[PDB]
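Enquirer:
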Amino acid sequence: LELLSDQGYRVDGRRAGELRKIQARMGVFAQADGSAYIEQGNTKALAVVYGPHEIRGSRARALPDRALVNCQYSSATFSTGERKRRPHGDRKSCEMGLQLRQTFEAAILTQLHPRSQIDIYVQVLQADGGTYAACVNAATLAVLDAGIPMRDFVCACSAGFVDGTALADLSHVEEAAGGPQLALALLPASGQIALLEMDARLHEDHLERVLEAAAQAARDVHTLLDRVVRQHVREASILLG
Amino acid sequence: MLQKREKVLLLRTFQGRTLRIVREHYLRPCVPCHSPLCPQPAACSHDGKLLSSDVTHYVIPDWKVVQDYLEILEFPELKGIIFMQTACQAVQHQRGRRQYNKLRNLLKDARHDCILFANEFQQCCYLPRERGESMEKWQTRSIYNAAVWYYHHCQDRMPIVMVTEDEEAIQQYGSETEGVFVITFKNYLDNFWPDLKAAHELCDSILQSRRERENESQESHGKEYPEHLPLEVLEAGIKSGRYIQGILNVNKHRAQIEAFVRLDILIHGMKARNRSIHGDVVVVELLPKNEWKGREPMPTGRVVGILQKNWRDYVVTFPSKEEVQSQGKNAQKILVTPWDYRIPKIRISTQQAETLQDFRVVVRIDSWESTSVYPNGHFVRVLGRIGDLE
Amino acid sequence: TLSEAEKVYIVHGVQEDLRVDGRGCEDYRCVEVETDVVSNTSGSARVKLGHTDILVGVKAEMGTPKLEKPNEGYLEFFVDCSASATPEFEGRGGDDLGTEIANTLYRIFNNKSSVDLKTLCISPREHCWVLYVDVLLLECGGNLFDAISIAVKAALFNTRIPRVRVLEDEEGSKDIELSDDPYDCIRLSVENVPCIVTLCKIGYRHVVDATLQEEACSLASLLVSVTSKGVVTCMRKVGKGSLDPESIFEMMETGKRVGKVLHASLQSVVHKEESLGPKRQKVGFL
Amino acid sequence: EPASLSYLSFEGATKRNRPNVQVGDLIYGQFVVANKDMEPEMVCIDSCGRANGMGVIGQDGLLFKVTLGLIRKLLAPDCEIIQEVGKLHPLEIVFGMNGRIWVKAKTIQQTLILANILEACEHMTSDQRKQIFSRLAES
Amino acid sequence: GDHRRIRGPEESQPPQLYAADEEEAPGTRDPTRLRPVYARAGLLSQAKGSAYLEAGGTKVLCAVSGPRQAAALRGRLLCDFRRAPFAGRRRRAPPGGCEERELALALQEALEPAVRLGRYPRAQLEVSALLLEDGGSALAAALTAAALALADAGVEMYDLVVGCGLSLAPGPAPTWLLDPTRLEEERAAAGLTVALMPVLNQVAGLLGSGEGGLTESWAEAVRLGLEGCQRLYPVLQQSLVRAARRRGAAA
Amino acid sequence: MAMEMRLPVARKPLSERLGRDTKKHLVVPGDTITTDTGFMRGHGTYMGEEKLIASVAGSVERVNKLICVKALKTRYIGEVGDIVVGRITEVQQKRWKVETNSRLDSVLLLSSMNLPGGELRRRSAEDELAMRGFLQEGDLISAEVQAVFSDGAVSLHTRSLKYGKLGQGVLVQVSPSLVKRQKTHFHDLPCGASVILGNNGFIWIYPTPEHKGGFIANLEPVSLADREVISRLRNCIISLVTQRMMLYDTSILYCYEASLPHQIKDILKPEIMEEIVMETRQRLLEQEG
Amino acid sequence: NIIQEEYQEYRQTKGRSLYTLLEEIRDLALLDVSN
Amino acid sequence: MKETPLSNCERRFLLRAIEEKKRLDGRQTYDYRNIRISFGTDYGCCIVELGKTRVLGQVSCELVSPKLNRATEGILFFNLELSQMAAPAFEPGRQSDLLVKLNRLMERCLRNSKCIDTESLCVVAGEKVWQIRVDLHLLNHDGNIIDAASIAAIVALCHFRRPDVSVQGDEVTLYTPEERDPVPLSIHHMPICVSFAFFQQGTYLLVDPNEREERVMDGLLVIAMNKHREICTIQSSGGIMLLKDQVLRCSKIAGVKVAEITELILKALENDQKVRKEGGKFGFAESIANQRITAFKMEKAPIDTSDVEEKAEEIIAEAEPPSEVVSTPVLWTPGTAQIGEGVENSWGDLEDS
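Line by line, the protein sequences give chains A, B, C, D, E, F, G and H.
Residue numbering for the first sequence follows the deposited numbering, starting at 3 and increasing by one per position.
In case it helps, the deposited numbering puts the second sequence at residues 1 to 263, 276 to 307, 327 to 421.
Residue numbering for the third sequence follows the deposited numbering, starting at 5 and increasing by one per position.
Residue numbering for the fourth sequence follows the deposited numbering, starting at 137 and increasing by one per position.
In case it helps, the deposited numbering puts the fifth sequence at residues 3 to 72, 90 to 270.
In case it helps, the deposited numbering puts the sixth sequence at residues 1 to 212, 217 to 293.
Residue numbering for the seventh sequence follows the deposited numbering, starting at 1016 and increasing by one per position.
Residue numbering for the eighth sequence follows the deposited numbering, starting at 1 and increasing by one per position.
1. For the stretch 114-143 of chain B, which residues have a CB atom closer than 9 Å to at least one CB atom of chain A, in sequence order?
2. Whole angstroms are fine: how far does the CA of A:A69 sit from the CA of A:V138?
3. Excluding sequence positions up to five away, which residues of its chain have a Cβ less than 6 Å from the Cβ of A:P182?
4. Can you name the residues of chain B whose CB is closer than 9 Å to the CB of A:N139?
5. For E:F105, is the beta carbon positioned less than 7 Å from some heavy atom of the ligand ATP?
6. If you measure beta-carbon to beta-carbon, which residues of the stretch 1018-1036 of chain G are closer than 9 Å to chain H?
7. Buried or exposed for D:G165, please, with buried defined as at least 16 other CB atoms from any protein chain shown within 10 angstroms of its CB.
8. Rounding to the nearest angstrom, what Cα-Cα distance links E:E145 and E:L63 in this structure?
9. Run the CB neighbour count on H:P322, radius 10 Å, all protein chains shown included, and call it buried at 16 or more, exposed below.
10. Out of B:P128, B:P159, B:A199, B:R20, state which residue places its alpha-carbon closest to the alpha-carbon of B:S53.
11. Cutting at 8 Å between CB atoms, please list the residues of its own chain near residue 324 of chain B, excluding the five before and the five after it.
12. So, does the CB of C:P186 fall closer than 8 Å to a CB anywhere in chain B?
13. Compare the C-beta of C:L216 against all C-beta atoms of chain A and say whether one is closer than 8 Å.
14. Could I get the ranges of all uninterrupted beta strand (DSSP E) runs contained in the stretch 107-190 of chain H, with 3 residues as the minimum, in chain order?
15. For B:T164, which residues from the same chain have a beta carbon less than 6 Å from its beta carbon, with the 5 sequence-adjacent residues on both sides left out?
16. May I ask you to list, following chain order, the residues of the stretch 98-132 of chain A that have a beta carbon less than 7 Å from some beta carbon of chain H?
17. Would you mind stating whether B:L70 and B:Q99 have Cβ atoms separated by less than 8 Å?
18. Is it right to say H:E320 is buried, meaning 16 or more other beta carbons lie within 10 angstroms of its own, or is it exposed?
19. Since F:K70 sits in a beta bridge, which residues does DSSP pair it with?
20. If you compare alpha carbons, which of F:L178, F:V170, F:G78 is closest to F:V154?
21. Since A:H205 meets chain I, which of its residues come closer than 9 Å, beta carbon to beta carbon?
22. Is there a C-beta anywhere in chain F that falls below 8 Å from the one on C:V265?
23. Check this for me: beta carbons of F:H185 and F:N199, under 8 Å apart or not?
24. Per DSSP, what kind of secondary structure is H:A197 in: helix, strand or coil?
25. For D:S270, which of D:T243, D:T247, D:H225 has the nearest alpha-carbon?
26. How many angstroms separate the CA atom of H:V183 from the CA atom of H:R162?
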């Protein structure tokens, strides 16, 4: 099957260094302390956060120096072509909630809420392509909506490598083809990387170009989400006064 | 810039499971048209293979004229060809890999006037299906609209000639845009290119072999081999005395025709050989002397079932590079060539074909299936290297 | 929880046909039902009765008939309880509520005339259609039973069930062949799908569509399952206090009348949404 | 079980001039109640009341752990281990009967070497072995 | 499979699905009759309170544990329903089942309106019920027995709980029946079980689902269920009397 | 009775219904705020390398050396001498625990409480047994913050006559940023009811105490003419709080009068709020202006 | 070229190293010089 | 119970060291703690010791039916495990957020690299195929569990030897080491993990850290890369915030280290095969150091089995025979019978009525 034509067009019609269309939203729910909604291409995510509160259970599991970040991951049973129902014991959810907890224990400026918990929930309504970056961006928007201070605006994007060229924002068809996939979590102002992942084989000479293309695609996600945040804050500033 | 749309699909897996997979599609403003009269260079900049305007016309098959008549469109006298990507996609998803590789070599060549057009990635030539349809009608509609768009982008200067083998496209489409015709192929040739009479005999050849084509393809239905049956039948058919049974061998100069049944019964044909290999014990009826053949009329037979079932474990080879890079790069199915002329080719599924093209390997056989012309197998173990005595 | 004085004020108000919102002893807050929200599924709904939020999905798949009857299909429910609804719903903890709702839905739909079962069988003893109803709790704001029993009738009305004409003959292609048409489907005749009616009891008066505060002041409640025609399917009493025989008879009439109005108005609203088709766009979660 | 100090157990400590003791610091002190009926309790100055080196110790050294045998062997009146080991590298030690030792050499390299080579002195019997061993490590 | 039990065959199809004897015909009866019932209280010796209820083909054993450590200002009432695997037509998975959890909740939401938990602060009561044989209405036996056990365990209650059961005939003129059996329950269309307090005259629990859709049959099903719970009371009246007469005289 | 079931309507963005341009300075996390020679960081910002970097979305507010960012959604932060309303969630041996929409729990010490008797008789350990009896779980109080602890905790006291356990009424919880700072948070609105504007976002509405601490129960029925006033104020408060409105005495009084023409039951529609909030907006415009 | 540049940089330490000696010390402390 | 806490003097000393570029145990920055492998007697069993860590690897195969789809391959389980004896903290169900990241690292490396040849492990299709099952256990925790676990899994998989079968026509047969010789496996490449630790916000790094150095570090970087020059997984984790030159430097370092480790592994497997083929003695027993105080060996011993008959005989003869009061069973009514002291009446009746 052709994943890159001779003309340079992909299966869905975009070039190598081209992203899908994103359409976000802030303030979806009312009861919670924060909310967000993003649809990156054909993947629909959702995130809900709860502000610093009293530790549930009160089983002396607190930290006297910082706060306790608690991230979960879930997925709807109609999120793909087949039903594929799973119980709440899978290790895919555990590893996704652990990479989420790892990146948000580094992005959030947590040394201001001693002996407090932060509960972050992510719900995926339709998965087609990169799920990690869609969850990270939806929870970055939900955290901004909740007013929790943070060092920067963390954004994530993936990449690939086919026929000696570097792709960007891979889809499920391209992902399920046995290629060197790769994902980041970038802080645009400093250029630092919060998380790095990889699978499948790849030569050592092509790591610089796949990593550079992924970082550039994350910097391209940054501008599009930045205009959404600026329009939202100008909206509320106009409403307030 | 781009404009998202969707495409549903109905994929049928090998186990009988269909699914409504949904997928993406991204339109663009400016699809390059690879022409020397595009009235704005920069917007695409035409960075590829580019025609030179000397021709009288331009002919675009709709989908079929390149599906089967392709063997015509190689003659270096033909000039001014443009392929609609929807036809290329049709042939790829309908004609396997050989025709597609020939077409793509044709395209990827600086000898002819062949280019390719992104009909489906251009923002006003794409059209969605409607209530009551078929791939053929949607196909011709899309090709037509693509033609019209290419014409109007050309500023009505170079006369496009849409060739079809559809008659109803002739009867309706070809009468409502001045400067573009929907004519049959032989009319195209006659009307334009007389001194190409060579193409005329080959086109008449393939059209008479076409009237055949439907007759041979509809006198074949949906069965390839006589289906087998139980053993107690063969017990009886032996005892009652209407079934002999012996060993079976094959010639090796002629190994698709000359199969013998050592009591010698001449088996002629694959459809007569009925999915069976040498060294086997098969039960066979006789046949009437009015349908016997020559090497006098000899007692040819008919095999319905195999009592006792003798296999072996062969030594085969892998195809060649320039025909693997086209298999994809994750090519599940593959074809293997045995080492003695007496054995058919075997269908197996592996994922290392691009790094074992200098080694002998070993395979086996699990099941001969009739919806395939070949028997199935599975890799077994590696062997030595082609070139060294070992 | 709420203090004793607040509970006294609320119970006194209900007896005077006044409530903190301002409605009466029988008023019903509006809802924002919608359909065709999810892509990958074969039918969707989204019911918003207030602070609550529901989202369901129905997918029809190939399957095998059960042993007791060969000319039938079956229905599969799975009431998920997402952890975004409440922090106390983290991981384990939403299992008992989800099982309670799934069992209630099974009791509701466990009847021969629920929708149909002949239509979902194609070849006896060999094949059948299966339906997966997947409820997803997004928020909890009281009256959770009815906000789901409405989104189920709504989503069931929007099914597709793509038609298959494959011949079962052995000589022919027994393997399931579809119609190859991406837009060829069939409706489901959901006219008489039942719905749940809740009746909280405060003082000696019964109240429909009680809020969380009005639910915390109640001791018992009754559930009635009524179709559009006005017939009862399931009847379960839930609570922590006695109810008395009389209140059963005087709650049954209110269940009948509210059910009839709910069904007629739901038929009208779905027909209004359907009268104009691909126009009007679709808006949800954005 | 963990032990238990008191804020006034230190030298010259009252309700106002409490001592600065953080979480995660090492203290030199002796026990006064160690029966198997309660959590052990230790005071930290003296019998009379003048803290003789007790209290919080350790600012630029390394704390490692050894078995009870080496501690028993070193705390002997006929033990020449410390004198010969200190001949090579000048040192100062504060032993602990729970199996812990605090060392402070001049160079960090020397503190690493003393830390590694002291855990092995319970074994590797003296004479035929210890002098040659000392010469090899002299370097 | 399970690492805390003895593993046997992975799959096992019972011979009922291969049983070549066709389903028989139940028969007919008078719908104004009750199966004779024998009740015994104070059975177990190591339990604070116990009772054994048997009527026709039903055998259920219930035991009550005393208050233990751990809406406070009030005590909890834990419940646990479990039936023996060698009960019914087929075997059942030991780990559990959704039906058992449904009957456990139908027990908890029916025995709390009787006991007064405002006398056991920070304490809790645990009730365990076991069904040795399923030969008819089961939830009409897990309520009577678990209520007899509580009264015999010396806990303070407002009143007892007496249960009943009904089923609907499948004929063209359906009629509700009292105390159905498995031959009259697997051929039925709907069933109803009521929990009536005989003295306070207050319904404690209600449960019913099926094919009966006219709101004039359920009025009769409810009120004949109440007449059944008013007719089962005297036997339970003499059972606790005999239980206390024997328990007291042993001192 | 008709059980209206409407359909969702697309939201109109940009707040084009009136039209205004902001003259403020707006930032988002990661933006570099003014980086002059010497400045002091406020709440909402942090420092990197010779840079004042905003850490939360909002608008910068400076008073003469101080760069800080004011977010538009936060939780309550305690300050000395601030009127709060809370609920008891834990009763301990020597304290209660009160939830007031803060990052932690708030502690009400037994030493600061107007115990029953309301005078100087005695205070000893005999009261400790019955202290956990009257201020039980889930009660409502209204106290004043005393001091700030070392980990953001707040201690609140009830050493007055207007503070103590509350009685009947309704409670409305909103975000703690729509309440305008004033000097009198206790009000006696001339409508038939009263109100307490808790600085933490808790709004308590109760009837006027007829003539003239939880000592009085007064668990007797409340007249019909009082409930309709409480329901009207409840709905009007919801209406103003929803779109933008900051809550205080004049806005609620203005909206209450504007709500007389039509019924209390029918005001739940998206448009009736708009036609009431705009009328209150113009009444404030024609009064202040 | 580059393979030998980083060769001389990131080798295992050559020969007589401290780690060698301290492991010698460990296995000479647990030895047995009487059999 | 929990693990001893970390003081505030060791942290200062370790960081002063790291600043000064000198480590506790003497080894410089780009070094490993030397390795020592030992082979069992039956194939696919080894004990690797990196520094003072121990891992036990054991491979084992079995013949099953190959699911549905993928009818011409075999499956490959894995199961890491942490033994309660490895360290105080490890508790059977209280360390569930290290097991996951470890199993994942191991599985992504070993199963996505495609080094094992699961193509040629079929006998028929749709019918019985071999199901291998790797198993690792941690015995002693001293830091860098994953390098040791990876080397252990590699050696255990490169030392296994399957059973072997005859297939011709449509008929099966299963041999045994005396009927037919066990057969090796096919291993494409050798994916070997490497770990890096970062200290005080990426300013310094240290290769192959042990357990104290693991508690004074910010975050960890792992780079799994088979022989030649081909990377197979990377997973940044911990608390780190990285640059772009550093990933490349790390990749170089991992290249070098995997080269050296594969050298060592190949040499050790070769030596082991030579020993097994010469005809000498092998196994866990003939590996115990004899030059050491804590080892002792004892050859066989007949003890004296000359007396047991007499003692048993006299014991049987010298004790009291079974007595002869025989009890009677009582019959009440078919179905129930009682034995013992019995009950006075036949059965109770109208006792209280």
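We treat Cβ as the ideally placed atom computed from N, Cα and C, and that holds for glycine.
Expert: Taking the definition as stated:
1. Residues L116, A118, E120, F121.
2. Going from the Cα of A:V138 to the Cα of A:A69 covers about 20 Å.
3. The answer, listed in chain order, is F163, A202, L204.
4. By Cβ distance, chain B contributes nothing, its closest Cβ being about 18 Å from A:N139, past 9 Å.
5. With respect to small molecules bound, the structure shown includes none, and the ligand ATP cannot be examined in it.
6. Hits within the stretch, in order: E1021, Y1022, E1024, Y1025, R1026, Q1027, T1028, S1032, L1033, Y1034, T1035, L1036.
7. So D:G165 counts as buried.
8. Roughly 15 Å between the two C-alpha positions.
9. Answer is exposed; the Cβ neighbour count stays below 16.
10. Per the Cα distances, B:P159.
11. In the model as presented, chain B runs from 307 straight to 327, which leaves residue 324 of chain B without coordinates.
12. At a cut-off of 8 Å between C-beta atoms, C:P186 counts as an interface residue with respect to chain B.
13. Output row for C:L216: interface = no.
14. Every beta strand (DSSP E) of 3 residues or more that sits fully in the stretch 107-190 of chain H is shown, in chain order, as 132-140.
15. Taking B:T164 as the centre and dropping the five residues before and after it, the same chain places the C-beta of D62, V182 closer than 6 Å to its C-beta, in chain order.
16. Contact residues of the stretch 98-132 of chain A toward chain H are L100, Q104, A108 (C-beta to C-beta distance below 7 Å).
17. It is a contact, given that the beta carbons lie within the stated cut-off.
18. Exposed, since its Cβ has fewer than 16 Cβ neighbours within 10 Å.
19. Residue pairing of F:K70 in beta bridges, as defined by DSSP: F:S59.
20. When each option's Cα is compared against that of F:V154, the closest is F:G78.
21. The structure shown contains no chain I; its protein chains are A, B, C, D, E, F, G and H.
22. Yes, C:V265 counts as interfacial toward chain F.
23. Yes; because the gap between Cβ atoms is below 8 Å, this pair is in contact.
24. It is a strand residue.
25. If we check each option's Cα against that of D:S270, D:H225 comes out closest.
26. Rounded to the nearest angstrom, the two C-alpha atoms are 5 Å apart.
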